[PDB]
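Data first, discussion second: the structure below is written as structure tokens.
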Amino acid sequence: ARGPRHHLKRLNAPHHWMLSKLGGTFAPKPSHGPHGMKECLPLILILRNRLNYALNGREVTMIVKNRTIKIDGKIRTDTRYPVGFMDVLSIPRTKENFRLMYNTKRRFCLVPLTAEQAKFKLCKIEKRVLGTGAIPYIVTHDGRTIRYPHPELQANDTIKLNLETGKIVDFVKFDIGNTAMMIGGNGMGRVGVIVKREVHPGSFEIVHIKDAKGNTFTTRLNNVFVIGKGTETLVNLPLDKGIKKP
Amino acid sequence: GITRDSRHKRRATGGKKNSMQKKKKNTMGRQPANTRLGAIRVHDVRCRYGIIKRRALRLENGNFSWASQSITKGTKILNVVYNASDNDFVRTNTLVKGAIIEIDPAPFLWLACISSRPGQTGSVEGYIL
Amino acid sequence: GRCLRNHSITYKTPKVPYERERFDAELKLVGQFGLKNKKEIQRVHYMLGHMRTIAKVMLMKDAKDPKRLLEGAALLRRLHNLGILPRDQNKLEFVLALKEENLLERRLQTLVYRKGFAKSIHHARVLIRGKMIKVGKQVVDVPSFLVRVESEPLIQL
Amino acid sequence: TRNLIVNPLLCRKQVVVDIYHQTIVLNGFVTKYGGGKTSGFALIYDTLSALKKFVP
Amino acid sequence: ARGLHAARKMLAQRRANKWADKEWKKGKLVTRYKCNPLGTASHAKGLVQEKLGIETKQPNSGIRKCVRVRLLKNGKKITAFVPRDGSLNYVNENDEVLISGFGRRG
RNA sequence: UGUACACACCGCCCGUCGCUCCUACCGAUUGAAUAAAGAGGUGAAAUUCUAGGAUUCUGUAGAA
RNA sequence: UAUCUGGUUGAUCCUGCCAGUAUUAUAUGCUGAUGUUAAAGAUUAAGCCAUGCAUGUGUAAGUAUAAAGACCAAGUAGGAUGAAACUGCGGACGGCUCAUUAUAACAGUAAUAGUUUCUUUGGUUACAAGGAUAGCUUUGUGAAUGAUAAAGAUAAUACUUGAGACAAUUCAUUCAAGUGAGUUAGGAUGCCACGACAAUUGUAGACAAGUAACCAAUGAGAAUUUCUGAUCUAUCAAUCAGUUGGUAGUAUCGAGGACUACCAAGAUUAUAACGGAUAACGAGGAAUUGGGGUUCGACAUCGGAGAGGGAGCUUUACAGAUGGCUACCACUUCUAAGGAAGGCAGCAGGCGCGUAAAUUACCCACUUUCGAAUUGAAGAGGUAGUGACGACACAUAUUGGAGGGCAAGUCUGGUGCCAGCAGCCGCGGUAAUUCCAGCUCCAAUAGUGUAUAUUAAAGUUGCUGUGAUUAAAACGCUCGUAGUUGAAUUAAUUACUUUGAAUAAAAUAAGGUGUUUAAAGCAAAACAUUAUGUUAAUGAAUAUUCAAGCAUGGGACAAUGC
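Chains as they are written, first to last, in the authors' numbering: chain sf, 0 to 245; chain sj, 2 to 109, 111 to 112, 202 to 220; chain sk, 2 to 158; chain sz, 12 to 32, 57 to 91; chain sy, 2 to 107.
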């Protein structure tokens, strides 16, 4: 290829979209933005399959372009907007406020929320750097560059964001007494407690996460996503409560 | 055009390389522009990704800096007296990085070695030995 | 590969084309079941051979192996609804002791016989192929319907 | 009949009509062997403007 | 060379000794495309230019009828049997004849 | 006891020479050619630099 | 199904091969009721192409007196709508093919503290100026191309100047906190270059919309690069001179002998370098398999390369683009004979080639992409036609054979070692169980033989696993480097072994699910006798996966020096 690609073959699509192998030749390529290609669910797949509002792509463009979807506080009108992690999705017409969390089946799930709890959304800091003119800033897992932050908001914490205001409500550190949700590989979509983080200077940082039922499973530091403090969850966990049945 | 791939070179064992594909623009090279001494003339080359390189063809002046006195002053270059790489650069007075050039200290009132890339940045900037 | 829809073979031919000891044994069942040709015998033989291979592979592992408990019950469960294996035999060893009469005796042409609708097993085909028979709520005309235990008392005209 | 989905955005209702033998959409019907029962999807657009605009 | 680290000789022994296979070497060395009048073809199209009668081998007496056929790809000449009884009458000259091996593999 | 014999020594069997056909090998000889990768000579074309400045714009100065 | 049988002899036991057998993929003979699914010009020529289509795009939000707005409807800055043209975006995706290519590419893995755009997302930074230009008008030529000439005007979110007041680039000096690790993000000093948030747009869908740079995302992306891994050949044993390294520079988006100048003589090789062959694109995978394996992979999907052969370039964020341009080599087309375009390894179709392979059909409704954007386009995609390549269920008739291998005739006529049959042994010289026939019956069945090739058989290629006195096969014998193999013993790495981490799908095994069953598909339904809830329904943990790479528990068996 001489440049960036535009089509996406059905079989090259991420497995966790559950697209029928005989559905069609191509799959909806998610446009760029906040969430990566394999970390996001395109907005078309959320409505055609998860919610079954629209049977085909004819009736998906008739909705998203109709200003009838509010991804986070703002409103998006892109048919293939990348809808990723717990970034809230709201439909004022039907009066429902979903949210895209993971679950134990390595799948994005639409956890229903109330109106009040949909006004906020948790973000995970990715990095903190000093800007020119000594203007420090932090980058969340949504690609957001938040302005002048708290001095203690370090690289791998978790912050609380407000849709209406945009400020930072509460912030959770990264320690051995916090509840974390998993966004990774085998441990994907599992809730647990950080108990041990063994450090290897060379390549990766390995974190041992103890489940509620005493199950212990390790992972890479990248996949860890702190969800609360002191065995408390800041959001309504999915139906299976982040528990895995052997 | 000039190419910068390694597909035209011999292996570490001396064995010849057998070609598979034709030339490509990624490994594109370009002709040198030996910035001689003369009147001001630069050209804007449209490089990859649209970025613009100032290609100094001939220059006369440069913003020389003095480390000891913490002063940088413009000056007119006189003559290229030494090049560490090619002595033929001295004869043609070609201006490249590291060329030892003598200059008149008229604003210094208040010997040089170039420390910039005239063929890339588009101007001569140096310091005083 | 070229096509996306999967395909499979339902039977295999015998390795030795010409045996008298096999022509009589296979013709014993053809009369006993009114089958159209020798493909039906091979298909039933092919079906059994798959289950026997699962039990055969699984008997080589420990009883506390996670795969033995899960897959082992799955095969016994599947057989139980089909009714090939008697319920009181609930071990993987009894799978290997299955024969080719167990599978053929649960076919629709066999079931309508012993229940009494069809006088002769050749007469059962016409009734079955004529859609005269019904299984619960759906008309059936494939004489190869492997009825389950639940659908055993739900076979009427 | 069967499952009914209320669609306000498309101003329609998605219901799977089961047949046990200008504002509506009748499509996607497949019977059983030899006739008898037939299933299908029923779409109702209430307003005629919907059928006037919400049709491919 | 049965040792644990002796996989280099164990492999070189098999590469060399496989060339003594009268049958495996035949389908690998480059003569099927030059010496074989058929190549990898299953059949061949040719032209008749002579009708031959081949006397049988020692324990038989008779005349096995045959023809001389020149192909269209190689251009070589090959003697072709006539399959059935009295089938030489139906053959002619300057006509296309399909040629497909025999019971034995060439 | 030896056997290469079992139609069993009236057995079997070797080599040159003669007939027909087939296959590969060498090959004075215009033998002998065809198609593929290097050294030297000529070398279109487009780009890089240099000279040019027909035209036209501000009313020769300058820019193209 | 971890399987064999006929054939060397008067007879016996062997080595040993030939023939037999089953399966897969190609053609072909004979024959053919159905319904489901489905390959199809790859092998031979990446050979040559007539003809038709395959890439265009408009919203209230760039420019519109078209003498278009009697077709809505009025109209004094132009009513909503607006062909055409400028402007913006795109044709660098998709689609086809497999010629090149033997550590190259590709697969897993790691780096980019050695580079990085486009789209998209978060954020930061004078009540208004200037020229010309198309569509428009007029005059024209040439046979002609998607042909082109002058003049007369007229717009911008096209091209410029200019303000409402920093950022980023180079150099020299200096202070300095995350990270395994940075004179590093960042700040300070001094000149240099660049220097804005359209001098912008809806009257209706103040709020949109738009723009210029700079940080961060999208990027796990792209591009370079680290480690390990490839078929046959020694009738290929030595190979390389920008070659190996260093310094300075040059060029590039960027490291780098990538290139140039100077200096040194280095780099690879028996652990197979260098060269040769390929009917060689690589992988996921396919066929067959008791285990071990053997063969195949142009072709769904991913990566690479190409557009008749090289070369050279333009545009733009990405092309060394070819359904873009220039030249040469080789072809094809129109011609008014002056000249002009063209690149089916796109979709149909034609010639040729061969054993060998489909309609010059319809539609963007499914999937998805492109666009000024809900509306247009798409030979992508879907539908339809041909289709005994194959696969599944299922009517009531052919194919091959009748000595043995191998199920089936001590039936009747001719031929008389002739015709012939015959995969192998063999049958036929006048009483043929085999020939050519007639009747009878054996096997399979809408299938059944042939020819070629792959696998099993083949313990007739041997790791599991062969043979070498006599059947084929121990060098004439000794010395010997590389290689392989090495006694007992002890109360820093590697190798080995166990757990993970990470790991595209399709495919394999597999969990569920009555497509009438089955192949299939990932759909649906027990059920609420159903809008309500089971329901926020299922999506197999789907296990793997060899050779490398990361971490960890153990130190018996091994390896490397102190």
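Every residue gets a Cβ at the ideal spot worked out from N, C-alpha and C, and that includes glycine.
For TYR114/sk, does the count of other Cβ atoms within 10 angstroms reach 16, so buried, or fall short, so exposed? Result: buried.
So, is the C-beta of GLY75/sz closer than 8 Å to a C-beta in chain sk? Not a single C-beta of chain sk is nearer than 8 Å to the C-beta of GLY75/sz.
Residues in the segment 16-29 of chain sz with C-beta within 9 Å of chain sf's C-beta atoms, listed in sequence order? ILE16, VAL17, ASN18, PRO19, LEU20, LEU21 and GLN25
Range covered by the beta strand (DSSP E) that runs through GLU103/sj: 101-104
For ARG88/sk, which option in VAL150/sk, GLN33/sk and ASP66/sk has the closest C-alpha, if you only look at C-alpha atoms? The option with the nearest alpha carbon to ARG88/sk is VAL150/sk.
Counting pairs of beta carbons, one from the segment 224-242 of chain sf and one from the segment 164-180 of chain sf, are three or more of them closer than 8 Å? yes
Residue from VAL138/sf, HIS207/sf and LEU233/sf with nearest C-alpha to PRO33/sf: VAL138/sf
Going straight from the alpha carbon of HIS5/sf to that of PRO15/sk, what length do you get? 53 Å
Taking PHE64/sz as the query, report the chain sf residues whose CB atoms sit under 9 Å from its CB, ordered along the chain. Neighbours of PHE64/sz on chain sf: none; closest Cβ ~15 Å, over 9 Å.
Cβ atoms of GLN57/sz and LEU78/sz: under 8 Å apart, would you say? no
Roughly how many angstroms lie between the CA atoms of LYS20/sf and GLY2/sk, to the nearest whole one? 15 Å
Pull the bridge partners of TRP67/sj from the DSSP assignment, please. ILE72/sj
For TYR136/sf, three-class secondary structure by DSSP: strand
Please classify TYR80/sf as buried or exposed, where buried requires at least 16 neighbouring CB atoms within 10 angstroms. buried
Test: residue 92/sz CB closer than 8 Å to a CB of chain sk: Because chain sz here runs from 12 to 91, residue 92/sz falls outside it and cannot be looked at.
May I have the straight-line CA-CA distance separating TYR31/sz from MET133/sk, to the nearest angstrom? Approximately 20 Å between the Cα atoms of the pair.
Return the residues of the segment 105-136 of chain sk that lie within a Cβ-Cβ distance of less than 9 Å from chain sz, sorted by chain order. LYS132
Do the segment 68-84 of chain sf and the segment 207-214 of chain sf make contact, defined as three or more Cβ pairs closer than 8 Å? no
Proximity to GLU56/sy [Cα-Cα], best of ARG106/sy, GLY47/sy, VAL49/sy and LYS66/sy: Of the candidates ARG106/sy, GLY47/sy, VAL49/sy and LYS66/sy, the one whose C-alpha sits nearest the C-alpha of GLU56/sy is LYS66/sy.
Do you know how far the Cα of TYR12/sk is from the Cα of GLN43/sk? 5 Å
Nearest neighbour of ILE129/sk, chosen from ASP66/sk, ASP25/sk, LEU158/sk and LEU77/sk [CA to CA]: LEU158/sk
Step through the CB atoms of chain sz and report whether any lies within less than 8 Å of the CB of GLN139/sk. yes
Through-space distance from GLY40/sy to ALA81/sy, alpha-carbon basis: Using only the alpha carbons, I get a separation of about 16 Å.
Given that a residue counts as buried once 16 or more other Cβ atoms are within 10 Å of its Cβ, and exposed if not, what is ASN95/sy? exposed
Measuring alpha carbon to alpha carbon, tell me which of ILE52/sj, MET29/sj and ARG59/sj ends up nearest residue 171/sj. Because chain sj is numbered from 112 directly to 202, the model contains no atoms for residue 171/sj.
Which partner residues of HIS44/sj appear in the DSSP bridge assignment? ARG56/sj
State buried or exposed for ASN90/sy, treating a residue as buried only when at least 16 other CB atoms are found within 10 Å of its CB. Classification of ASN90/sy: exposed, given that the 10 Å Cβ count is below 16.
Across which residues does DSSP place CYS204/sj in a beta bridge pair? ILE101/sj and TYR218/sj
Who pairs with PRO41/sf in a beta bridge, going by DSSP? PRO81/sf
List, in order along the chain, the chain sk residues whose C-beta lies closer than 9 Å to that of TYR80/sz? Within 9 Å Cβ-Cβ: nothing; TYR80/sz doesn't reach chain sk, min ~33 Å.
For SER43/sy, does the count of other Cβ atoms within 10 angstroms reach 16, so buried, or fall short, so exposed? exposed
Keeping to the same chain, check which residues put their C-beta closer than 7 Å to that of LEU147/sk; ignore five residues upstream and five downstream. In the same chain as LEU147/sk, and ignoring 5 residues on each side of it, the C-beta atoms closer than 7 Å to its own belong to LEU83, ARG107 and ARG108, in chain order.
Below 8 Å between beta carbons is the criterion; list the residues of the segment 35-52 of chain sf that meet it against any residue of chain sz, in chain order. Listed in sequence order: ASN51 and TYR52.
How about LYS67/sz: is its C-beta nearer than 8 Å to some C-beta of chain sk? Yes, its Cβ sits closer than 8 Å to a Cβ of chain sk.
Quick one: residues in its chain with C-beta nearer than 7 Å to the C-beta of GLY165/sf, no 5 flanking neighbours on either side, listed in chain order? none
CA-CA distance, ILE59/sz and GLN25/sz? 11 Å
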